[PDB]
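Student:
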Amino acid sequence: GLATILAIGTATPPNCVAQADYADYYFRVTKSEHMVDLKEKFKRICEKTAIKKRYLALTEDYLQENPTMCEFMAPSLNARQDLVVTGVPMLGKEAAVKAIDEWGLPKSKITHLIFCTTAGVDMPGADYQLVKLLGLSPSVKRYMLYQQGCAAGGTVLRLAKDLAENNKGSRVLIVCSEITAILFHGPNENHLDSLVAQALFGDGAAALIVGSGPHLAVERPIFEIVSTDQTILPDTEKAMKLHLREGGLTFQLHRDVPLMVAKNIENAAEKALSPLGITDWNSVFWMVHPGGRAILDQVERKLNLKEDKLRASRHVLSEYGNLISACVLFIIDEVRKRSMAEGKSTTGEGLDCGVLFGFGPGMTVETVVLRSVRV
Amino acid sequence: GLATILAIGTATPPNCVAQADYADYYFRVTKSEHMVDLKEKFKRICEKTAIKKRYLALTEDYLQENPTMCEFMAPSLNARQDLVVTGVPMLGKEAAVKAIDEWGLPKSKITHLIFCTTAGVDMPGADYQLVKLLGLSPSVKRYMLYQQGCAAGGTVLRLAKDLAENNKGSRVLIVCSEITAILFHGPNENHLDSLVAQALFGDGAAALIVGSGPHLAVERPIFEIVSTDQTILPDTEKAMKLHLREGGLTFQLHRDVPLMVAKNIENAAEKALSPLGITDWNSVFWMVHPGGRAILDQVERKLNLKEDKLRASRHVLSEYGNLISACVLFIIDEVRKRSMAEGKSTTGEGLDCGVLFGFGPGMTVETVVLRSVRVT
Ligand SMILES: CC(=O)CC(=O)SCCNC(=O)CCNC(=O)[C@H](O)C(C)(C)COP(=O)(O)OP(=O)(O)OC[C@H]1O[C@@H](n2cnc3c(N)ncnc32)[C@H](O)[C@@H]1OP(=O)(O)O
Ligand SMILES: CC(=O)CC(=O)SCCNC(=O)CCNC(=O)[C@H](O)C(C)(C)COP(=O)(O)OP(=O)(O)OC[C@H]1O[C@@H](n2cnc3c(N)ncnc32)[C@H](O)[C@@H]1OP(=O)(O)O
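Here the protein sequences line up with chains B and A, keeping their order. Heads up, PDB author numbering is the position in the first sequence plus 19, with the first residue counted as 1. Heads up, PDB author numbering is the position in the second sequence plus 19, with the first residue counted as 1.
#1: What does the alpha-carbon distance come out to for the pair B:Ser391 and B:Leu149?
#2: Less than 6 angstroms between C-beta atoms, sequence neighbours within five positions excluded: which residues of the same chain meet that for A:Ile198?
#3: Suppose you measure from the CA of B:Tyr81 to the CA of B:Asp101; what does that come to, to the nearest Å?
#4: With distances taken Cα to Cα, identify the nearest neighbour of A:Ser127 among A:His262, A:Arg190 and A:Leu315.
#5: With a threshold of 8 angstroms (Cβ to nearest heavy atom), would B:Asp212 be considered close to ligand 1?
#6: Nearest to residue 18 of chain A by alpha carbon, out of A:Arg393, A:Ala42 and A:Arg161?
#7: Helix, strand or coil for A:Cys65? Go by DSSP, reduced to three states.
#8: Residues of chain A with CB under 7 angstroms from B:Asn97, in chain order?
#9: Enumerated in chain order, which unbroken segments of the beta strand (DSSP E) with a length of 3 residues or greater are wholly contained in the stretch 241-325 of chain B?
#10: Relative to the C-alpha of residue 1 of chain B, which candidate in B:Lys260, B:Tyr165 and B:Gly266 has its C-alpha closest?
#11: Determine the DSSP secondary structure at A:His131, reduced to helix, strand or coil.
#12: Determine the closest residue to A:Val280 out of A:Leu261, A:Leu315, A:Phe270 and A:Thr298, with distance taken between C-alpha atoms.
#13: How about A:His273: is its Cβ closer than 8 angstroms to a heavy atom in ligand 2?
#14: Going by C-alpha to C-alpha distance, which of A:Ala200, A:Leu178 and A:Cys169 sits closest to A:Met259?
#15: Cβ of A:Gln167 less than 9 angstroms from any chain B Cβ?
#16: At a threshold of 8 angstroms, does B:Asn97 count as lining ligand 1 (C-beta to nearest heavy atom)?
#17: From A:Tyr165 to B:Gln167, what does the alpha carbon distance come to, in whole angstroms?
#18: Considering only residues of the same chain and omitting the five flanking positions on each side of A:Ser337, which have a CB-CB separation below 7 angstroms?
#19: What residues in the stretch 233-256 of chain B have a beta carbon less than 9 angstroms from any beta carbon of chain A?
#20: Closer than 8 angstroms, Cβ to any Cβ of chain A: which residues of the stretch 181-212 of chain B, in chain order?
#21: Can you give me the start and stop residues for the beta strand (DSSP E) that B:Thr31 sits inside?
#22: Indicate, with yes or no, if ligand 2 has a heavy atom lying under 8 angstroms from the CB of A:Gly172.
#23: Would A:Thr383 pass as a contact of A:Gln249 if the rule is Cβ separation under 9 angstroms?
#24: For B:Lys160, go through chain A and note every residue whose CB falls closer than 7 angstroms to its CB, in chain order.
#25: Out of A:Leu227, A:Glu66, A:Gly379 and A:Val303, which one is the CA nearest neighbour of A:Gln271?
#26: Classify A:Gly172 as buried or exposed, calling it buried when 16 or more other Cβ atoms lie within 10 Å of its own Cβ.
#27: Against B:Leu261, what residues of chain A qualify as contacts under a CB-to-CB distance less than 7 angstroms, listed in chain order?
#28: Can you tell me which of the three DSSP states B:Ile350 falls into?
#29: A:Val116 touches chain B at which residues, Cβ-Cβ below 8 angstroms?
#30: Going by DSSP, what residues sit across from B:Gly379 in a beta bridge?
#31: Please list the partners that B:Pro94 has in chain A, where partner means a Cβ-to-Cβ separation under 7 angstroms.
#32: Is B:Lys257 a contact residue of ligand 1, with contact defined as CB to any heavy atom under 8 angstroms?
#33: Nearest chain A C-beta to B:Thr383 closer than 9 angstroms, yes or no?
#34: Would you mind sorting B:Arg274 into buried or exposed? The rule is 16 or more other CB atoms within 10 Å of its CB.
#35: Please go through the same chain and pick out, in chain order, the residues whose beta-carbon is closer than 7 angstroms to the beta-carbon of A:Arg239, but skip the five residues on each side of it.
#36: Taking DSSP as the reference, what is the three-state secondary structure of B:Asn341?
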């Protein structure tokens, strides 16, 4: 049958910074208090993000020990890699233990692993580090996805669907783990998109167990993965470019990204839902990657969504920031937890079918349809 | 049916450097002539490689323009990335055009794209650049495999098999493209493995079209992908470690790597071929990632292969050097092309089943079983 999500677990770094305090923290730790107008602008940017708090692996102490990370485009990749090459797999293990505990079956039954991040690279990769950390089978089939960015929560679901459905008995562990230290930069008047980026992202990891043919007495389906699309939005290549250089992961973020999503989003919805005979956008539940608050707003406008349709997406953005590839998988967890807490008839807000969107460089949209599980 | 390889295309950069001249070239362009004894030892290593020439996208002019590439651990990542971020996808496009031309069906029918490299990263990635360059469908489903390493020619086949077999009518384009500029380094006494590494690797890209349910009137099966296995070799973690730093892609490569493969290879063969009822190693054809000449020798000795079983593997090592993730895919093309030129009865040297091995960090071994196709 369809690849089905059987367990979800999430984790974050312990250090939390409130968004209402972030501009002061940031201008202080980067020694940039002399840029008063830019501080004022960043205060405005933070207020607009609709983010309440963010967990960050990057500490004040690490920055003090590695100052170069605060000086715009000074060499600092080695310090970044020193954090994220062990950080990323360790955070991913924390989420994966929770998923494995919820699922409840022996870890020995995990046949495939998909490890996804956008922070650092190394050989052996973070996937190897995860198997050693978790004690998974040395013969587990691995899919190491590096430098993946914000649509890749859709990518992992698209990949896991084919692995689970083509391999009888298989059980796939998905881990997305993101640490934003790779793209932290001090303020610079010529790079306002880079400044904006300092308010957007937080750290986190999500882990899922996915398989077809659930043993219903002991496994608990949460959602089935119905179909996956991936497409490049015409004439949006300039929207987002990020290069891995001696100074860290750089940022080129166009201010019209939200409008580029608005122009294309009804066609991605229609392409996913017309095959199912669904044309009423409010008859389905939505999990929308919160690249920024304005992206959510444009999706709600262009799909003509009731005011609460994107609650679960806005809730994740508020409590954690944009978690890059793990973000939409925190939203799947939010949707199913809230549905159970409210006593809905289904895991997808009492509705039968839902649509998940990931948005990343290219511009790429990943559109995944999920079917709820009747409860 | 089984995922089947339907077309193969390769490409290399134009600049070719003979291995018999590499020691002199290397020590000259890295301005290290005063390291006479290291120079002498580099001549011995190059002689041992069993490599005749390599194609390299890295030029002398580029090195003179970016001198920190030749200074051991000076900051040089940005120069490296400025080369490989455009070079990898362009070189992969040249291989892909050839594969698609062999195939002959419309490029609009490619539904999935697997792009794999071990040289540089960028966002949007090399997969996106390739779609633009080739004019694939904007909706092609992509799998961007970065920092993959020498076992990843087995990886791409493992992944394409599941995508082709689970998606009716799908046709997967696989591209592996490697440019070794990301790991070039000047000589240094305290890093002899990094010196050995300047002699092993060459540049190249391979592209394959894979699909299940071949339309036989117009598509030509080459090999079917029977089974795939990936497994970490016990206690070999420190054998290979490569870090991407301000100075480029570093190297830690242990001298006993060939024996670590030898200790474990018979087991890899047995797990793949026992379920097929096969026990005679000389009854199958073999495609062995030539991580170095000593790896081939150990695999040959430990499996007791006859004298020419590894010919095709030794042949691409000789003509191209170790091409990292694309290396085994050039070997697959060498096997089927040599088999048809000699009039063998099958595309796998006249034999029915074959085993492909990739070896990379972890240590990881990827083992893929291929079934050959009858010629005539
Ligand atoms: C790693 C990945 O794979 C790739 C990723 O980076 S994808 C990142 C995707 N997310 C974003 O692109 C979308 C962010 N956009 C938004 O959500 C909103 O624009 C926002 C929360 C950033 C601001 O909210 P808003 O309603 O647009 O406010 P608005 O007043 O217009 O703008 C905030 C301030 O930032 C500016 N700003 C916003 N986006 C900008 C950009 N990309 N570059 C330059 N400055 C920009 C405005 O110009 C404005 O400044 P002033 O107060 O100095 O006049
Ligand atoms: C990118 C990735 O994904 C990861 C990769 O890099 S995987 C790379 C895998 N490839 C290999 O490990 C190479 C395997 N080794 C080889 O095939 C052979 O050792 C070789 C062709 C390099 C030399 O052949 P050989 O028969 O072993 O010759 P041998 O005389 O013992 O050795 C060559 C010289 O290099 C030295 N050498 C070989 N490997 C060494 C290493 N890893 N570290 C240090 N020095 C080494 C020897 O000590 C010897 O030197 P002297 O003449 O100064 O005494």
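C-beta atoms are modelled at their ideal positions from N, C-alpha and C, and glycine is treated no differently.
Tutor: Once the coordinates are examined:
#1: 30 angstroms
#2: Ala76, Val103, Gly106, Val107, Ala138 and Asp222
#3: 10 angstroms
#4: A:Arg190
#5: yes
#6: Given a span of 20 to 395 for chain A in the structure shown, any question on residue 18 of chain A remains unanswerable.
#7: helix
#8: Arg264 and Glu265
#9: 242-251, 259-264 and 304-307
#10: Here chain B comprises residues numbered 20 to 394, so residue 1 of chain B is not present and cannot be evaluated.
#11: strand
#12: A:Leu315
#13: yes
#14: A:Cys169
#15: yes
#16: no
#17: 9 angstroms
#18: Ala69, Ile70 and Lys71
#19: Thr247, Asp248, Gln249, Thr250, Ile251, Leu252, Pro253 and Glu256
#20: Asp181, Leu182, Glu184, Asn185 and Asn186
#21: Unbroken run through B:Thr31: none, as it is neither H nor E.
#22: no
#23: yes
#24: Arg177 and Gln249
#25: A:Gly379
#26: buried
#27: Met142
#28: helix
#29: Correct list: empty, because the minimum Cβ distance to chain B is about 20 angstroms.
#30: B:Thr383
#31: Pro94 and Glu265
#32: no
#33: yes
#34: exposed
#35: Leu25
#36: strand
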